[PDB]
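Quick setup: one chain, the form deposited in one PDB entry, written in structure tokens, and binding and motion questions come after.
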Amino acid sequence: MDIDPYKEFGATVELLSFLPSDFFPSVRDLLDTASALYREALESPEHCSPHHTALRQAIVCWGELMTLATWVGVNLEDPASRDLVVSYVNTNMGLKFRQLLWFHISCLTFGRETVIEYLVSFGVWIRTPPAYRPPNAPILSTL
């Protein structure tokens, strides 16, 4: 239905299109970050924020995908296709899942405005060729 999961929050798939894949932590790392920083709120009966809502939904999706992967490994007799499906799920879907988790966690942490500014600046940086861009990328940190 031509839905962008970030347009509601002030971003776009094209704005995060520039962040490389090596930029995002692993799924386990991001899920641990969430479970340690906002678990009491995600497991809460309150609409603490749209970021919380989206995180809840995406975590449920990922749980269902892991269930799918287990079911595949248990019910498919062709190892080739089994590993192919599992690899597609992990690589692609987890890349998207990392994108979304990072966006929402970083927003909850720093600010939606700050994260969008960081995205703009990081796009400026990554579009520049290495011969003319500084070697050290921009950094979003609590320290």
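Between two forms, the rigid core is the largest collection of C-alphas that superpose within 1.5 Å. Heads up: residue numbers just count along the shown sequence, starting at 1.
Not pictured, yet referred to below: the form deposited in another entry.
Check your understanding: Only one of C48, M93, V86, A58 shifts by 2 Å or more at CA between the shown form and the other one when the core is aligned; which is it?
Key -> Residue with a C-alpha shift of 2 Å or more: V86.
Exercise for review: Superpose the two forms on their rigid core, then report whether the C-alpha of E113 is displaced by 2 angstroms or more between the shown form and the other one.
Suggested key: Comparing forms between the shown form and the other one, the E113 CA shifts below 2 Å.
**Study point:** Displaced residue check between the shown form and the other one: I126, CA, 2 Å or over, core reference
**Key:** It does, since the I126 C-alpha is displaced 2 Å or more between the shown form and the other one after the core fit.
Exercise for review: Establish whether a shift of 2 Å or more occurs at the C-alpha of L76 between the shown form and the other one, with the two forms superposed on the rigid core.
Suggested key: Passes the 2 Å threshold, so yes.
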